[PDB]
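*Asks:* Need coordinates for the below:
(chains A, B and C)
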Amino acid sequence: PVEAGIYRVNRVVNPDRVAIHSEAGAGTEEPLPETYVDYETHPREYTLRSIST
Amino acid sequence: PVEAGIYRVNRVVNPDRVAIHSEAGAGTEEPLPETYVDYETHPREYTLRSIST
Amino acid sequence: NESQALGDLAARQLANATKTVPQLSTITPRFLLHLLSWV
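*Replies:* Numbering: from 1, shown residues only, chains lettered A, B, ... in the order given. The protein structure is shown below:
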């Protein structure tokens, strides 16, 4: 259901830019990466269309 | 079951003549089509036939 | 043109849009994490 005829689909942009750290062995005391999740500033919006007679 | 031995099958004629309006985008204030559903004036009638001895 | 009623562009300023949570395209079913047993 759409409450007022407008549907907005929000999407993540650049999913490859989220940085994670994984250790293979003998963990150290190095600084961790700092990141965030970015969104699209112009998401696609759907508005309902009519079929009538 | 047939109540009195006669079965009439009513059918729609010219189903392609029912006009509908569908909008692709940015709906306007244009007049809507006016239509109806037409029937066949001479439908086929089935009457039961006897198998007896 | 000479409009006879209120338009959609002006009318939608009073309406709330339905918003989804952000969609991540890198999500996978991750069947291996469900197939294994964890000790």
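*Asks:* Show me what from chain C comes close to chain A.
*Replies:* With the criterion set to CB under 8 Å from any CB of the partner chain, chain C comes near chain A through C:12, C:15-26. (Each C-beta comes from the backbone N, C-alpha and C, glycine too.)
*Asks:* Name the helix or strand for the residue nearest to the spatial centre of chain A, please.
*Replies:* Central residue of chain A (CA atoms, centre = their mean): residue A:12, 2.0 Å from the mean position. Element membership of residue A:12 [criterion: DSSP states H and E] is strand A:12-13.
*Asks:* Which neighbouring elements make contact with whichever helix or strand comes after that strand?
*Replies:* Tracing the chain past strand A:12-13, the next element assigned as helix or strand by DSSP H and E is strand A:38-39. Packing contacts for strand A:38-39, counted by 3 or more CB pairs under 8 Å, 6 or more residues apart in numbering or on different chains; DSSP states H and E, involve strand A:12-13.
*Asks:* Contacts for the strand it packs on next, please.
*Replies:* With CB atoms under 8 Å, 6 or more residues apart in numbering or on different chains as the test, strand A:12-13 has contacts from A:37-40, C:22-25.
*Asks:* In chain C, mark out all the strands, start to finish.
*Replies:* In chain C, the strands defined using DSSP state E lie at C:18-19.
*Asks:* Residues of it that sit close to chain B?
*Replies:* Going by CB under 8 Å from any CB, the residues of chain C near chain B are C:3-5, C:8.
*Asks:* Just give me the closest of the contacts of strand A:12-13 to residue B:50.
*Replies:* Residue B:50 lies nearest to residue C:23 out of the contacts of strand A:12-13, by CB to CB, at 69.1 Å.
*Asks:* how much space between that closest one and residue B:1?
*Replies:* Counting by CB to CB, to the nearest Å, the separation of residue C:23 from residue B:1 is 56 Å.
*Asks:* For residue A:40, grab the count of nearby residues.
*Replies:* 14 (other CB atoms under 10 Å in any protein chain shown).
*Asks:* where's it relative to residue A:12, distance?
*Replies:* 8 Å.
*Asks:* for residue A:20, same thing?
*Replies:* Applying CB to CB, the value for residue A:20 to residue A:12 is 15 Å.
*Asks:* What of residue A:50?
*Replies:* In this structure, residue A:50 and residue A:12 are 32 Å apart, going by CB to CB.
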